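Read in order, the letters of the sequence shown correspond to residues 843 to 919, 924 to 1011, 1015 to 1065, 1073 to 1132 in the deposited numbering. Ideal placement from N, C-alpha and C gives every residue a C-beta, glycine not left out.
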Amino acid sequence: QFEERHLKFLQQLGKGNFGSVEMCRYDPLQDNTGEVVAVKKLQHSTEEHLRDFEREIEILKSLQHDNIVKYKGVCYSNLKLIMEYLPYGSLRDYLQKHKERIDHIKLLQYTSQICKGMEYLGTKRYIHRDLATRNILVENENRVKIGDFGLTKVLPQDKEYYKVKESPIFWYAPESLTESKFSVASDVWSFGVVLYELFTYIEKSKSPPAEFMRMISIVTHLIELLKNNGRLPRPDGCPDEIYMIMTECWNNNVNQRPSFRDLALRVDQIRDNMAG
Ligand SMILES: C[C@@H]1CCN(C(=O)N2CCCC2)C[C@@H]1N(C)c1ncnc2[nH]ccc12
């Protein structure tokens, strides 16, 4: 496995409320030729949280896909999830830092890959629940991965939704805000928000919090706005078939939101029509 005594702390890669992600070297020969790894652990470790976490490792372990971050293992004395380390970091940071080299055709490459990732998730009846650029990783200039599964649930065998009561409320589907119900359709809502993020280049002045707050007890006010068909605006320069996808994803009716398989096709065609 991984002996935690050969696991060297290099640098803090992020902190997410109830969990941390660290860059570490696993170095059993103590000459720093050991492999650099990403290491996830809990921070205010709770009995319920540990169980959630042991459920999360199983999920990721079960997942094998070019656009899902690779499981490497676990380490125990203090339960730590071990994953491959991807230097380019989260898509959110990466976009802001290299956007001058990221054009619309490139954004649409990342988008398709996210959809394929999500296609594969639904193939296992997995609801991600935390779709946002902060959770997508950048492999190389031509590839992204879904890189965290902290809120991921498995749909009961009978149901098309999973119920669970801080939350990323400016990414949440209406029914998710009022009923705590999540689904592939709620994941499709959030994907639409991810698409928005992508097409605003993560500009602080254009963020879902920024825009909704300008439109706006905060969660209540927000429920009213979405009920009333208040929606994030079309990003500057955003193609009409792209804002179209976003608005379809943001359908109030759960049964009217597109499919990931359809989203992947349409995105791929938009991007191929743009190019040549
Ligand atoms: C983007 C990704 C998910 C979120 N995470 C994080 O901060 N959180 C998830 C749990 C709470 C906080 C950061 C993590 N980053 C930057 C990584 N960077 C490089 N290689 C990596 N391998 C595995 C993750 C990872």
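Self-check item: Chain-order list of residues whose beta-carbon lies under 7 angstroms from that of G968 (same chain, five-residue window excluded)
Solution: The residue given as residue 968 occupies position 122 in the sequence shown. Excluding sequence neighbours, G968 sits near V1033, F1116.
Exercise. Could you check which residue in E985, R989, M964 has the C-alpha nearest to that of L977?
Key: Start at 1 with the first residue of the sequence shown, and residue 977 comes out as number 131. Taking only the C-alpha atoms, the option nearest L977 is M964.
Quiz item: Whose C-beta lies closer than 7 angstroms to the C-beta of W1106 among residues of the same chain, with five residues either side of it excluded?
Solution: Working through the sequence shown from its first residue, we reach residue 1106 at position 250. Cβ within range, chain order: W1038, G1041, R1087.
Quiz item: Do you know how far the Cα of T875 is from the Cα of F844?
Solution: Position 2 of the sequence shown, counted from the start, is the residue given in the question as residue 844. Position 33 of the sequence shown, counted from the start, is the residue given in the question as residue 875. Cα-Cα distance, rounded: 16 angstroms.
Quiz item: Within the chosen definition, does the segment 978-996 reach the segment 933-941 through at least 3 CB pairs nearer than 8 angstroms?
Solution: yes
Quiz item: Out of curiosity, what's the CA-to-CA distance linking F1048 and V1123?
Solution: Here the question's residue 1048 lines up with position 199 in the sequence shown. Here the question's residue 1123 lines up with position 267 in the sequence shown. Cα to Cα, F1048 sits roughly 13 angstroms from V1123.
Quiz prompt | alpha helix (DSSP H) segments (min. 4 residues) lying fully within the segment 1100-1132 | solution = 1116-1129
Quiz item: Within the present structure, is the beta-carbon of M929 separated from the nearest heavy atom of ligand 1 by less than 7 angstroms?
Solution: Here residue 929 corresponds to residue number 83 of the sequence shown, with the count starting at 1. Yes - ligand 1 has a heavy atom lying nearer than 7 angstroms to the Cβ of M929.
Quiz item: Regarding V916 and ligand 1, is the C-beta to nearest heavy atom distance less than 7 angstroms?
Solution: Position 74 of the sequence shown holds residue 916. False, no ligand heavy atom lies under 7 angstroms from that Cβ.
Quiz item: Measuring CA to CA, which of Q1003, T979, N988, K1005 is closest to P1017?
Solution: As a position in the sequence shown, residue 1017 is number 168, starting the count at 1. Checked all of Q1003, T979, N988, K1005; the closest Cα to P1017 is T979.
Exercise. Count the CB pairs spanning the segment 877-895 and the segment 845-864 that are closer than 8 angstroms, and state whether there are at least three.
Key: yes
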